[PDB]
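Have a look at the structure below, then the notes.
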Amino acid sequence: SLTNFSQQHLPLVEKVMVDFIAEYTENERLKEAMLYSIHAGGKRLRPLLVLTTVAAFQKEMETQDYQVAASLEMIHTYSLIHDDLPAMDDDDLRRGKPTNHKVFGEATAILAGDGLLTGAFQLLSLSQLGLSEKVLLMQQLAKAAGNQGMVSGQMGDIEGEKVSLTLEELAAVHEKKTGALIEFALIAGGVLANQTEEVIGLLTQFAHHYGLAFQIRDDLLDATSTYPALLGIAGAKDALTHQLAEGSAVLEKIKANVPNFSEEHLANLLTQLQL
Amino acid sequence: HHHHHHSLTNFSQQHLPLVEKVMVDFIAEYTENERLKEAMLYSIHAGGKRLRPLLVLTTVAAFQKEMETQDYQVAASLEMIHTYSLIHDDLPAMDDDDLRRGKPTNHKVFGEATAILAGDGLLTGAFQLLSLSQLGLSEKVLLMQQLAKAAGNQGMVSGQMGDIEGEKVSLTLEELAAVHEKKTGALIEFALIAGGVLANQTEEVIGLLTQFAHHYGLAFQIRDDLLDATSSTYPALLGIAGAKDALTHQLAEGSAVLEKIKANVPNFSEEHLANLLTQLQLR
(Lines give C-alpha, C1' and ligand atoms only; values in the text may rest on other atoms or scores of the structure.)
Protein backbone atom coordinates (compact mmCIF):
# COMPACT_ATOMS: atom_id res chain seq x y z
CA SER A 1 0.00 0.00 0.00
CA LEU A 2 1.28 3.43 -1.06
CA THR A 3 -0.02 5.32 2.01
CA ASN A 4 1.75 2.78 4.28
CA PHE A 5 4.95 3.34 2.28
CA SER A 6 4.68 7.14 2.34
CA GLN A 7 3.79 7.29 6.07
CA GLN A 8 6.75 5.10 6.94
CA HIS A 9 9.28 6.79 4.66
CA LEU A 10 8.51 10.53 4.32
CA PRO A 11 9.06 11.37 8.03
CA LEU A 12 12.60 9.96 7.63
CA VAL A 13 13.23 12.25 4.59
CA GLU A 14 11.84 15.15 6.56
CA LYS A 15 14.11 14.19 9.45
CA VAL A 16 17.19 14.35 7.16
CA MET A 17 16.06 17.85 6.01
CA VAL A 18 15.27 19.29 9.48
CA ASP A 19 18.43 17.87 11.08
CA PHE A 20 20.67 19.02 8.21
CA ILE A 21 19.29 22.55 8.49
CA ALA A 22 19.52 22.67 12.32
CA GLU A 23 23.04 21.21 12.32
CA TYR A 24 24.65 22.99 9.32
CA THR A 25 23.36 26.57 9.62
CA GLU A 26 25.25 29.20 11.63
CA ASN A 27 22.66 31.99 11.61
CA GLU A 28 19.53 31.38 13.70
CA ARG A 29 17.14 33.64 11.75
CA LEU A 30 18.30 32.02 8.50
CA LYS A 31 17.71 28.60 10.16
CA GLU A 32 14.21 29.61 11.35
CA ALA A 33 13.31 30.86 7.85
CA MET A 34 14.38 27.67 6.13
CA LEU A 35 12.61 25.53 8.78
CA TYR A 36 9.36 27.48 8.36
CA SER A 37 9.20 26.64 4.62
CA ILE A 38 9.97 22.97 5.30
CA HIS A 39 7.37 22.95 8.13
CA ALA A 40 4.61 24.37 5.90
CA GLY A 41 4.44 20.87 4.38
CA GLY A 42 3.46 19.62 0.93
CA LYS A 43 2.89 16.41 -1.07
CA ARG A 44 6.61 15.54 -0.98
CA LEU A 45 6.02 14.13 -4.45
CA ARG A 46 9.68 14.35 -5.54
CA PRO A 47 11.17 12.47 -2.54
CA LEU A 48 8.24 10.02 -2.81
CA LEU A 49 9.17 9.45 -6.48
CA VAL A 50 12.85 8.77 -5.54
CA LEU A 51 11.90 6.24 -2.85
CA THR A 52 9.10 4.41 -4.73
CA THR A 53 11.52 4.06 -7.62
CA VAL A 54 14.15 2.46 -5.35
CA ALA A 55 11.51 0.08 -3.88
CA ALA A 56 10.24 -0.71 -7.41
CA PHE A 57 13.50 -2.61 -8.02
CA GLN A 58 13.23 -4.45 -4.67
CA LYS A 59 16.25 -2.78 -3.09
CA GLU A 60 15.55 -1.90 0.55
CA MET A 61 15.86 1.70 1.78
CA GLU A 62 19.26 2.91 2.98
CA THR A 63 20.42 6.23 4.52
CA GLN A 64 21.74 7.31 1.09
CA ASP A 65 18.21 6.96 -0.33
CA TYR A 66 16.72 9.35 2.23
CA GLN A 67 19.58 11.84 1.77
CA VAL A 68 19.11 12.19 -2.01
CA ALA A 69 15.33 12.51 -1.53
CA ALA A 70 15.97 15.19 1.12
CA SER A 71 18.39 17.09 -1.16
CA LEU A 72 15.85 16.93 -3.98
CA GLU A 73 13.06 18.29 -1.73
CA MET A 74 15.34 21.09 -0.43
CA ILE A 75 15.69 22.13 -4.11
CA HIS A 76 11.89 22.10 -4.55
CA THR A 77 11.48 24.06 -1.29
CA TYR A 78 13.93 26.82 -2.34
CA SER A 79 12.25 27.31 -5.74
CA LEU A 80 8.88 27.93 -4.02
CA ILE A 81 10.38 30.55 -1.69
CA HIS A 82 11.85 32.44 -4.63
CA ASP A 83 8.77 31.92 -6.88
CA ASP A 84 6.53 33.34 -4.10
CA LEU A 85 8.40 36.71 -3.99
CA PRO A 86 6.68 39.99 -5.10
CA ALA A 87 9.03 40.16 -8.12
CA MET A 88 7.93 36.67 -9.27
CA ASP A 89 4.50 35.03 -8.57
CA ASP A 90 3.84 37.40 -5.59
CA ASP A 91 1.94 34.91 -3.39
CA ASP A 92 0.81 35.90 0.12
CA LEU A 93 -0.25 32.34 1.04
CA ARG A 94 1.02 28.79 0.61
CA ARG A 95 -0.66 25.79 2.26
CA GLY A 96 -3.13 28.19 3.98
CA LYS A 97 -0.29 29.90 5.91
CA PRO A 98 1.65 33.10 5.08
CA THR A 99 4.55 32.77 2.62
CA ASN A 100 8.23 33.03 3.63
CA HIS A 101 8.70 36.72 2.78
CA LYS A 102 5.37 37.74 4.36
CA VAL A 103 6.65 36.32 7.66
CA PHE A 104 10.35 37.14 7.37
CA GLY A 105 10.81 40.00 4.90
CA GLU A 106 12.09 39.68 1.31
CA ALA A 107 15.82 39.82 2.16
CA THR A 108 15.46 36.80 4.51
CA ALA A 109 13.30 34.87 2.01
CA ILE A 110 15.91 35.38 -0.77
CA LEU A 111 18.67 34.14 1.59
CA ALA A 112 16.64 31.15 2.82
CA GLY A 113 16.15 30.08 -0.81
CA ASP A 114 19.87 30.61 -1.49
CA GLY A 115 20.69 28.69 1.72
CA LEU A 116 18.42 25.76 0.79
CA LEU A 117 19.81 25.53 -2.76
CA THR A 118 23.39 25.48 -1.49
CA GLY A 119 22.25 23.18 1.37
CA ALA A 120 20.94 20.57 -1.10
CA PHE A 121 24.33 20.32 -2.81
CA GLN A 122 26.14 20.25 0.54
CA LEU A 123 23.94 17.38 1.77
CA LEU A 124 24.48 15.42 -1.44
CA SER A 125 28.25 16.02 -1.16
CA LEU A 126 28.22 14.81 2.47
CA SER A 127 25.86 11.88 1.87
CA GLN A 128 26.57 8.14 2.22
CA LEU A 129 26.89 7.60 -1.52
CA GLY A 130 30.13 6.26 -2.98
CA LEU A 131 32.30 8.71 -4.95
CA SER A 132 31.20 7.74 -8.47
CA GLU A 133 27.45 7.90 -7.78
CA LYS A 134 27.86 11.02 -5.61
CA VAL A 135 29.50 12.81 -8.56
CA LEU A 136 26.93 11.47 -11.04
CA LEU A 137 23.94 12.62 -8.95
CA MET A 138 25.44 16.05 -8.15
CA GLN A 139 25.88 16.51 -11.93
CA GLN A 140 22.30 15.32 -12.51
CA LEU A 141 20.84 17.49 -9.75
CA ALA A 142 22.69 20.55 -11.10
CA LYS A 143 21.52 19.81 -14.66
CA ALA A 144 17.93 19.40 -13.46
CA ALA A 145 17.80 22.41 -11.09
CA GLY A 146 20.01 24.87 -12.95
CA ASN A 147 20.53 26.71 -16.25
CA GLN A 148 19.90 23.56 -18.25
CA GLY A 149 16.65 22.94 -16.36
CA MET A 150 14.37 24.56 -13.74
CA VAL A 151 15.87 28.12 -13.75
CA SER A 152 15.61 28.38 -17.59
CA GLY A 153 12.06 26.95 -17.26
CA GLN A 154 11.17 29.60 -14.67
CA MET A 155 12.53 32.35 -16.93
CA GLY A 156 10.61 30.98 -19.96
CA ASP A 157 7.37 30.86 -17.97
CA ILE A 158 7.74 34.52 -16.98
CA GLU A 159 8.56 35.53 -20.57
CA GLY A 160 5.31 33.75 -21.60
CA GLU A 161 3.28 36.30 -19.60
CA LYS A 162 3.63 38.84 -22.44
CA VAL A 163 4.29 36.79 -25.61
CA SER A 164 1.71 34.15 -26.59
CA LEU A 165 3.38 30.74 -26.39
CA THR A 166 2.60 28.00 -28.90
CA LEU A 167 1.83 24.43 -27.82
CA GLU A 168 5.46 23.28 -28.44
CA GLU A 169 6.88 26.28 -26.57
CA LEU A 170 4.54 25.93 -23.56
CA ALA A 171 5.47 22.22 -23.41
CA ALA A 172 9.18 23.14 -23.61
CA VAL A 173 8.79 25.60 -20.71
CA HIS A 174 7.12 22.95 -18.52
CA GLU A 175 9.69 20.31 -19.43
CA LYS A 176 12.31 22.56 -17.89
CA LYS A 177 10.27 24.33 -15.15
CA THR A 178 8.65 21.16 -13.79
CA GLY A 179 9.75 18.03 -15.65
CA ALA A 180 13.50 18.35 -14.99
CA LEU A 181 13.34 17.71 -11.19
CA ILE A 182 10.79 14.94 -11.78
CA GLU A 183 13.20 13.37 -14.24
CA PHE A 184 15.99 13.69 -11.69
CA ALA A 185 13.79 11.84 -9.16
CA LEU A 186 13.52 8.88 -11.58
CA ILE A 187 17.16 9.00 -12.64
CA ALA A 188 18.25 9.14 -8.99
CA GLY A 189 15.96 6.21 -8.18
CA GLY A 190 17.63 4.09 -10.88
CA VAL A 191 21.18 4.95 -9.79
CA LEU A 192 20.34 4.26 -6.14
CA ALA A 193 18.84 0.90 -7.23
CA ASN A 194 22.16 0.22 -9.05
CA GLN A 195 20.42 -0.06 -12.45
CA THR A 196 21.79 0.16 -15.98
CA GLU A 197 21.68 2.87 -18.66
CA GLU A 198 18.82 1.40 -20.72
CA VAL A 199 16.74 1.11 -17.53
CA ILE A 200 17.69 4.66 -16.34
CA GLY A 201 16.65 5.93 -19.82
CA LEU A 202 13.33 4.09 -19.51
CA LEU A 203 12.74 5.61 -16.03
CA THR A 204 13.51 9.06 -17.59
CA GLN A 205 10.80 8.39 -20.21
CA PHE A 206 8.27 7.58 -17.44
CA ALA A 207 9.17 10.84 -15.69
CA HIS A 208 8.81 12.76 -18.97
CA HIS A 209 5.18 11.58 -19.31
CA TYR A 210 4.38 11.86 -15.60
CA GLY A 211 5.66 15.46 -15.73
CA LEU A 212 3.53 16.50 -18.71
CA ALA A 213 0.43 14.74 -17.28
CA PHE A 214 1.02 16.49 -13.91
CA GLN A 215 1.08 19.88 -15.67
CA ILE A 216 -2.03 19.27 -17.85
CA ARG A 217 -4.04 18.05 -14.81
CA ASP A 218 -2.89 21.21 -12.99
CA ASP A 219 -4.19 23.45 -15.79
CA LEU A 220 -7.48 21.51 -15.96
CA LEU A 221 -8.15 21.84 -12.20
CA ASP A 222 -7.18 25.52 -12.55
CA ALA A 223 -9.88 26.10 -15.17
CA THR A 224 -12.64 24.33 -13.19
CA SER A 225 -1.85 30.95 -22.13
CA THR A 226 -2.47 27.41 -20.79
CA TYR A 227 -3.39 23.94 -22.12
CA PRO A 228 -7.17 24.75 -21.91
CA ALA A 229 -6.52 28.14 -23.58
CA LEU A 230 -4.82 26.40 -26.53
CA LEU A 231 -6.32 22.91 -26.91
CA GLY A 232 -9.80 23.38 -25.41
CA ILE A 233 -11.03 21.68 -22.21
CA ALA A 234 -11.84 18.40 -24.02
CA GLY A 235 -8.59 18.53 -26.02
CA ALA A 236 -6.71 19.02 -22.74
CA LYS A 237 -8.38 15.90 -21.26
CA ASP A 238 -7.20 13.94 -24.29
CA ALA A 239 -3.62 15.23 -23.89
CA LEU A 240 -3.78 14.17 -20.20
CA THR A 241 -5.07 10.62 -21.00
CA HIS A 242 -2.48 10.30 -23.79
CA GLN A 243 0.35 11.15 -21.37
CA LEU A 244 -0.99 8.61 -18.85
CA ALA A 245 -1.13 5.88 -21.54
CA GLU A 246 2.48 6.56 -22.59
CA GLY A 247 3.64 6.27 -18.94
CA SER A 248 1.97 2.85 -18.60
CA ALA A 249 3.46 1.81 -21.96
CA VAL A 250 6.86 2.80 -20.52
CA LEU A 251 6.22 0.85 -17.26
CA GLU A 252 5.33 -2.11 -19.49
CA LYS A 253 8.86 -2.13 -20.99
CA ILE A 254 10.63 -2.01 -17.60
CA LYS A 255 8.80 -5.16 -16.43
CA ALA A 256 9.68 -6.81 -19.77
CA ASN A 257 13.38 -5.91 -19.42
CA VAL A 258 13.77 -6.30 -15.64
CA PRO A 259 11.97 -9.38 -14.21
CA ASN A 260 12.38 -8.20 -10.58
CA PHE A 261 10.54 -4.92 -11.35
CA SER A 262 7.38 -4.00 -9.41
CA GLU A 263 5.33 -1.22 -11.02
CA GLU A 264 2.53 -0.98 -8.45
CA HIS A 265 3.39 2.31 -6.63
CA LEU A 266 4.64 4.12 -9.79
CA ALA A 267 1.48 2.96 -11.65
CA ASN A 268 -0.62 4.26 -8.74
CA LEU A 269 1.06 7.71 -8.67
CA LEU A 270 0.64 7.90 -12.45
CA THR A 271 -3.06 6.79 -12.27
CA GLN A 272 -3.81 9.43 -9.61
CA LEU A 273 -3.28 12.20 -12.19
CA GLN A 274 -6.57 11.28 -14.00
CA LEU A 275 -9.87 13.14 -13.42
CA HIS B 1 57.09 15.44 -8.79
CA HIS B 2 55.68 18.61 -10.44
CA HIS B 3 57.63 21.74 -11.42
CA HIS B 4 56.97 24.95 -13.31
CA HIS B 5 58.25 28.32 -12.12
CA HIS B 6 55.72 31.13 -12.62
CA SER B 7 57.04 34.65 -13.03
CA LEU B 8 55.23 37.45 -11.15
CA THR B 9 55.26 39.69 -14.22
CA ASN B 10 51.75 40.12 -15.57
CA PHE B 11 50.63 36.91 -13.88
CA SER B 12 47.01 38.01 -13.45
CA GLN B 13 46.63 39.19 -17.06
CA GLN B 14 48.08 35.89 -18.32
CA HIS B 15 45.66 33.75 -16.36
CA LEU B 16 42.45 35.66 -15.47
CA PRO B 17 41.23 35.78 -19.12
CA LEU B 18 41.23 31.98 -19.15
CA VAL B 19 39.03 31.96 -16.04
CA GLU B 20 36.64 34.41 -17.75
CA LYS B 21 36.67 32.17 -20.86
CA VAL B 22 35.69 29.04 -18.83
CA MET B 23 32.86 31.04 -17.17
CA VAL B 24 31.56 32.57 -20.40
CA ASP B 25 31.76 29.30 -22.40
CA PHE B 26 30.07 27.41 -19.57
CA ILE B 27 27.18 29.90 -19.36
CA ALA B 28 26.74 30.11 -23.18
CA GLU B 29 26.80 26.33 -23.63
CA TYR B 30 24.83 25.07 -20.58
CA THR B 31 21.99 27.61 -20.52
CA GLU B 32 18.73 26.86 -22.38
CA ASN B 33 16.98 30.22 -21.97
CA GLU B 34 18.61 33.04 -23.99
CA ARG B 35 17.45 35.86 -21.69
CA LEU B 36 18.69 34.09 -18.55
CA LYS B 37 22.00 33.46 -20.37
CA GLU B 38 22.36 37.15 -21.33
CA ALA B 39 21.56 38.37 -17.85
CA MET B 40 24.20 36.07 -16.31
CA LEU B 41 26.74 37.08 -18.98
CA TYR B 42 25.94 40.74 -18.30
CA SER B 43 27.04 40.47 -14.67
CA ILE B 44 30.15 38.44 -15.59
CA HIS B 45 31.20 40.91 -18.33
CA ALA B 46 30.76 43.94 -16.08
CA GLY B 47 34.11 42.76 -14.70
CA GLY B 48 35.57 43.01 -11.20
CA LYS B 49 38.94 42.55 -9.52
CA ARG B 50 38.54 38.72 -9.84
CA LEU B 51 40.23 38.45 -6.47
CA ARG B 52 38.90 35.00 -5.63
CA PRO B 53 39.96 33.10 -8.81
CA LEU B 54 43.20 35.13 -8.66
CA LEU B 55 43.84 33.66 -5.18
CA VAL B 56 43.18 30.09 -6.39
CA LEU B 57 45.66 30.43 -9.27
CA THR B 58 48.29 32.38 -7.33
CA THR B 59 48.27 29.62 -4.68
CA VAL B 60 48.83 26.95 -7.37
CA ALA B 61 51.68 29.16 -8.74
CA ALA B 62 53.25 29.43 -5.28
CA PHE B 63 53.61 25.58 -5.19
CA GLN B 64 55.26 25.61 -8.64
CA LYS B 65 52.61 23.57 -10.43
CA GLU B 66 51.85 24.19 -14.09
CA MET B 67 48.27 25.44 -14.63
CA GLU B 68 45.81 22.90 -15.98
CA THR B 69 42.16 23.06 -17.14
CA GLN B 70 40.80 22.00 -13.70
CA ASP B 71 42.56 24.89 -11.95
CA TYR B 72 40.76 27.34 -14.25
CA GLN B 73 37.53 25.38 -13.78
CA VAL B 74 37.77 25.62 -9.97
CA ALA B 75 38.67 29.33 -10.23
CA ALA B 76 35.63 29.88 -12.52
CA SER B 77 33.20 28.02 -10.22
CA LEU B 78 34.29 30.21 -7.28
CA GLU B 79 33.96 33.42 -9.31
CA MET B 80 30.44 32.23 -10.35
CA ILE B 81 29.49 31.98 -6.65
CA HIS B 82 30.94 35.44 -6.05
CA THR B 83 29.04 36.92 -9.09
CA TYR B 84 25.77 35.30 -7.95
CA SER B 85 26.13 36.72 -4.43
CA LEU B 86 26.59 40.26 -5.87
CA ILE B 87 23.46 40.00 -8.06
CA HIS B 88 21.40 39.05 -4.99
CA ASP B 89 23.13 41.55 -2.71
CA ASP B 90 22.34 44.35 -5.17
CA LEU B 91 18.54 43.74 -5.10
CA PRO B 92 16.25 46.47 -3.64
CA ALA B 93 15.39 44.04 -0.80
CA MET B 94 19.07 43.78 0.16
CA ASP B 95 21.73 46.51 -0.56
CA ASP B 96 19.55 48.29 -3.17
CA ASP B 97 22.32 49.34 -5.57
CA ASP B 98 21.58 50.99 -8.92
CA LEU B 99 25.21 50.85 -9.95
CA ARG B 100 28.15 48.48 -9.60
CA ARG B 101 31.46 49.32 -11.29
CA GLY B 102 29.98 52.46 -12.91
CA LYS B 103 27.41 50.27 -14.73
CA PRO B 104 23.76 49.52 -13.89
CA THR B 105 23.15 46.51 -11.67
CA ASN B 106 21.53 43.35 -12.99
CA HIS B 107 17.98 44.15 -11.72
CA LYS B 108 18.19 47.68 -13.20
CA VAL B 109 18.90 46.16 -16.56
CA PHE B 110 16.66 43.08 -16.65
CA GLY B 111 14.15 43.55 -13.85
CA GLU B 112 14.17 41.87 -10.43
CA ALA B 113 12.73 38.49 -11.45
CA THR B 114 15.47 37.98 -14.08
CA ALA B 115 18.19 39.02 -11.56
CA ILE B 116 16.87 36.65 -8.88
CA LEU B 117 16.96 33.81 -11.47
CA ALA B 118 20.38 34.85 -12.85
CA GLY B 119 21.76 34.57 -9.30
CA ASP B 120 20.05 31.19 -8.82
CA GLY B 121 21.43 30.05 -12.18
CA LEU B 122 24.95 31.19 -11.39
CA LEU B 123 24.83 29.53 -7.94
CA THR B 124 23.62 26.19 -9.45
CA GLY B 125 26.05 26.69 -12.36
CA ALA B 126 29.05 26.95 -10.05
CA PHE B 127 28.24 23.47 -8.67
CA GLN B 128 27.47 22.16 -12.16
CA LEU B 129 30.82 23.32 -13.58
CA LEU B 130 32.72 21.85 -10.59
CA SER B 131 30.79 18.52 -10.97
CA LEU B 132 31.75 18.38 -14.66
CA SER B 133 35.36 19.59 -14.16
CA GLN B 134 38.63 17.79 -14.97
CA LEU B 135 39.16 16.91 -11.27
CA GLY B 136 39.47 13.30 -10.15
CA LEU B 137 36.64 11.80 -8.11
CA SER B 138 37.82 12.35 -4.54
CA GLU B 139 39.23 15.85 -5.13
CA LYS B 140 35.99 16.73 -6.90
CA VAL B 141 33.92 15.63 -3.91
CA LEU B 142 36.21 17.41 -1.42
CA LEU B 143 36.06 20.69 -3.34
CA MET B 144 32.24 20.47 -3.75
CA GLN B 145 31.97 19.88 0.02
CA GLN B 146 34.26 22.81 0.71
CA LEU B 147 32.58 25.19 -1.78
CA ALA B 148 29.14 24.44 -0.32
CA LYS B 149 30.54 24.83 3.21
CA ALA B 150 32.04 28.21 2.29
CA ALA B 151 29.17 29.51 0.14
CA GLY B 152 26.13 28.19 2.04
CA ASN B 153 24.44 28.14 5.47
CA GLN B 154 27.76 27.44 7.23
CA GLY B 155 29.39 30.38 5.50
CA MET B 156 28.49 33.21 3.11
CA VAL B 157 24.68 33.01 3.33
CA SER B 158 24.70 32.98 7.17
CA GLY B 159 27.18 35.88 6.95
CA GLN B 160 24.90 37.91 4.64
CA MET B 161 22.02 37.30 7.07
CA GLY B 162 24.26 38.35 10.00
CA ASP B 163 25.28 41.56 8.16
CA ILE B 164 21.65 42.59 7.55
CA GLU B 165 20.71 41.93 11.20
CA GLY B 166 23.62 44.22 12.13
CA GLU B 167 21.94 47.19 10.41
CA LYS B 168 19.26 47.52 13.13
CA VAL B 169 21.19 46.17 16.15
CA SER B 170 24.76 47.52 16.55
CA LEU B 171 27.39 44.79 16.77
CA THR B 172 30.44 44.31 18.98
CA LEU B 173 33.96 43.86 17.57
CA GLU B 174 33.78 40.06 17.90
CA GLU B 175 30.29 39.91 16.35
CA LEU B 176 31.58 42.04 13.43
CA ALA B 177 34.59 39.74 12.98
CA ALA B 178 32.29 36.69 12.96
CA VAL B 179 30.05 38.36 10.36
CA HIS B 180 33.05 39.27 8.13
CA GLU B 181 34.48 35.77 8.60
CA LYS B 182 31.35 34.12 7.19
CA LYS B 183 30.31 36.75 4.61
CA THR B 184 33.79 37.48 3.16
CA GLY B 185 36.32 35.19 4.90
CA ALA B 186 34.69 31.90 3.95
CA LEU B 187 35.11 32.12 0.13
CA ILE B 188 38.64 33.58 0.57
CA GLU B 189 39.40 30.54 2.75
CA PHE B 190 37.96 28.27 0.06
CA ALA B 191 40.23 29.88 -2.56
CA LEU B 192 43.39 29.04 -0.52
CA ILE B 193 42.16 25.54 0.43
CA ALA B 194 41.36 24.85 -3.21
CA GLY B 195 44.80 26.11 -4.27
CA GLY B 196 46.32 23.61 -1.78
CA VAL B 197 44.18 20.70 -2.98
CA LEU B 198 44.90 21.47 -6.63
CA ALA B 199 48.63 21.47 -5.80
CA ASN B 200 48.42 18.17 -3.83
CA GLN B 201 49.53 19.68 -0.52
CA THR B 202 49.20 17.96 2.85
CA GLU B 203 46.54 18.53 5.48
CA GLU B 204 49.20 20.41 7.43
CA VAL B 205 49.93 22.84 4.58
CA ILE B 206 46.20 23.25 3.66
CA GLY B 207 45.67 24.20 7.33
CA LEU B 208 48.36 26.87 7.07
CA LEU B 209 46.97 28.16 3.73
CA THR B 210 43.63 28.53 5.56
CA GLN B 211 45.24 30.71 8.22
CA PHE B 212 46.82 32.81 5.50
CA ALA B 213 43.36 33.29 3.90
CA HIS B 214 41.90 34.31 7.25
CA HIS B 215 44.57 37.00 7.66
CA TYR B 216 44.36 38.03 3.99
CA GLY B 217 40.54 38.22 4.12
CA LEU B 218 40.45 40.30 7.29
CA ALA B 219 43.29 42.55 6.06
CA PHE B 220 41.26 43.09 2.83
CA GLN B 221 38.23 44.31 4.79
CA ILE B 222 40.17 46.51 7.24
CA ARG B 223 41.95 48.11 4.23
CA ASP B 224 38.61 48.80 2.48
CA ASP B 225 37.02 50.23 5.66
CA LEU B 226 40.11 52.45 6.12
CA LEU B 227 39.56 53.87 2.61
CA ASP B 228 35.98 54.95 3.40
CA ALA B 229 37.10 57.04 6.39
CA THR B 230 39.74 58.99 4.39
CA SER B 231 37.75 60.34 1.41
CA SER B 232 30.49 49.64 12.98
CA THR B 233 33.72 49.36 11.06
CA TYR B 234 37.17 48.72 12.23
CA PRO B 235 38.19 52.33 12.29
CA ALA B 236 35.13 53.35 14.18
CA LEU B 237 35.53 50.67 16.80
CA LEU B 238 39.32 51.01 17.10
CA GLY B 239 40.12 54.53 15.94
CA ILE B 240 41.89 55.25 12.64
CA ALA B 241 45.41 54.63 14.05
CA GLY B 242 44.30 51.41 15.82
CA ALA B 243 42.76 50.13 12.57
CA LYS B 244 46.04 50.86 10.71
CA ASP B 245 47.71 48.70 13.35
CA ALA B 246 44.97 46.09 12.92
CA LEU B 247 45.94 45.96 9.20
CA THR B 248 49.72 45.82 9.85
CA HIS B 249 49.24 42.97 12.37
CA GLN B 250 47.16 40.87 9.92
CA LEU B 251 49.82 41.41 7.23
CA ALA B 252 52.54 40.40 9.72
CA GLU B 253 50.55 37.31 10.69
CA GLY B 254 50.02 36.44 7.01
CA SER B 255 53.81 36.73 6.46
CA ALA B 256 54.53 34.64 9.56
CA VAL B 257 52.20 32.00 8.09
CA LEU B 258 54.00 32.03 4.69
CA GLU B 259 57.32 31.71 6.54
CA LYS B 260 55.94 28.54 8.21
CA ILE B 261 54.87 27.18 4.79
CA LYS B 262 58.30 27.96 3.28
CA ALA B 263 59.87 25.86 6.10
CA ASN B 264 57.47 22.96 5.43
CA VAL B 265 57.70 23.02 1.60
CA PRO B 266 60.93 22.96 -0.50
CA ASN B 267 59.38 23.86 -3.88
CA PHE B 268 57.64 27.07 -2.84
CA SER B 269 57.64 30.51 -4.52
CA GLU B 270 56.61 32.66 -1.50
CA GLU B 271 56.54 35.94 -3.49
CA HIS B 272 53.30 35.00 -5.26
CA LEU B 273 51.38 34.98 -1.99
CA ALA B 274 53.62 37.58 -0.23
CA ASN B 275 53.01 40.14 -3.02
CA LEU B 276 49.23 39.85 -2.55
CA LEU B 277 49.82 40.71 1.12
CA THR B 278 52.15 43.60 0.08
CA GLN B 279 49.40 45.06 -2.18
CA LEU B 280 47.15 45.52 0.90
CA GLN B 281 49.64 47.90 2.65
CA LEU B 282 48.89 51.63 2.99
CA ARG B 283 51.25 54.14 1.36
Side-chain angles (χ1 to χ4, degrees), chain A residues 20-21 24-31 33-34 75 78-79 82 85-88 101 105-126 131-132 134-136 138-143 145-156 158-159 172 176, chain B residues 26-27 30-37 39-40 81 84-85 88 91-94 107 111-132 137-138 140-142 144-149 151-162 164-165 178 182:
Chain A
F20 183 81
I21 296 218
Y24 285 81
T25 309
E26 296 303 301
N27 180 281
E28 293 295 316
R29 181 187 180 84
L30 181 60
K31 186 188 290 177
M34 294 178 302
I75 299 280
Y78 118 79
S79 67
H82 280 191
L85 294 171
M88 303 259 309
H101 65 278
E106 282 180 53
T108 309
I110 291 157
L111 295 178
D114 292 353
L116 281 160
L117 169 51
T118 313
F121 288 93
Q122 191 172 203
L123 179 53
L124 205 44
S125 82
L126 295 169
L131 307 165
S132 197
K134 181 171 285 196
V135 162
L136 180 60
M138 285 189 77
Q139 292 169 344
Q140 290 298 309
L141 188 59
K143 175 183 179 172
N147 297 334
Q148 287 197 289
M150 188 188 68
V151 183
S152 279
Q154 286 159 289
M155 194 74 273
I158 292 163
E159 289 183 294
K176 300 303 175 179
Chain B
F26 189 75
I27 273 90
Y30 287 71
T31 309
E32 303 307 297
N33 183 279
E34 297 301 330
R35 171 181 187 89
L36 182 71
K37 179 193 295 182
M40 292 181 302
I81 293 287
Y84 118 72
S85 78
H88 285 193
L91 294 174
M94 305 250 285
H107 62 279
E112 284 170 54
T114 302
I116 294 158
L117 299 175
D120 293 349
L122 279 161
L123 175 50
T124 311
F127 288 98
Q128 189 173 19
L129 176 61
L130 198 52
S131 83
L132 291 162
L137 291 167
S138 61
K140 189 169 279 192
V141 163
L142 177 59
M144 283 183 307
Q145 284 168 353
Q146 287 297 307
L147 187 64
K149 183 167 180 308
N153 298 326
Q154 287 196 109
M156 190 187 64
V157 178
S158 272
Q160 291 175 325
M161 190 77 278
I164 288 157
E165 285 182 306
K182 289 183 283 286

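To find a chain, count down the sequence lines: A is the first, B the second, and so on, and within it residues start at 1.
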Parallel, tilted or perpendicular, as decided by the 30° and 60° cut-offs, for the rings of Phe121(A) and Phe127(B): parallel
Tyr30(B) OH: over 12 foreign heavy atoms closer than 6.0 Å: no
From CA spacing to verdict: side chain to side chain contact (heavy atoms under 4.5 Å, CB included), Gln128(B), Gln148(A): CA-CA 10 Å; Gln128(B) 189 173 19; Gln148(A) 287 197 289; 2.8 Å; yes
Partner chain A: residue of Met94(B), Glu112(B), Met161(B), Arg35(B) with the largest heavy-atom pair count (under 4.5 Å): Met161(B)
Polar side-chain atom of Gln139(A) near backbone of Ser131(B) as donor-acceptor pair, under 3.5 Å: yes
Under 4.5 Å from any heavy atom of chain B - which part of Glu28(A): neither
Residues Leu30(A), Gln160(B); criterion side chain to side chain contact (heavy atoms under 4.5 Å, CB included); working and verdict: CA-CA 10 Å; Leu30(A) 181 60; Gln160(B) 291 175 325; over 6 Å; no
Approximate separation, where rounding is to 0.5 Å, of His82(A) NE2 and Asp120(B) CG: 5.0 Å
Residue part contacting chain B, namely of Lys31(A), when any heavy atom lies under 4.5 Å: neither
Spacing of CD belonging to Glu26(A) relative to NZ belonging to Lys182(B), to within rounding of 0.5 Å: 6.0 Å
Largest heavy-atom contact set with chain A, pairs under 4.5 Å, which of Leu91(B), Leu137(B), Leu130(B), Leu117(B): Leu117(B)
Winner by heavy-atom pair count (cut-off under 4.5 Å) against chain A, out of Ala115(B), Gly159(B), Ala113(B), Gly125(B): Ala113(B)
Interface residue of largest heavy-atom contact number with chain B, from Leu136(A), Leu126(A), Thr118(A), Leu123(A), under 4.5 Å: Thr118(A)
Among the listed options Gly156(A), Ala33(A), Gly115(A), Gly146(A), the residue most often paired with chain B at heavy-atom distances under 4.5 Å: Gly115(A)
Distance, nearest 0.5 Å, that separates CG of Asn27(A) from CG of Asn153(B): 9.0 Å
Side chain / backbone / both / neither for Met34(A) at chain B, heavy atoms under 4.5 Å: side chain
Pick from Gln146(B), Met156(B), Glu165(B) with the largest number of heavy-atom pairs that fall under 4.5 Å of chain A: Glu165(B)
Engaged part of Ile158(A) at the chain B interface, taking heavy atoms whose separation is under 4.5 Å: side chain
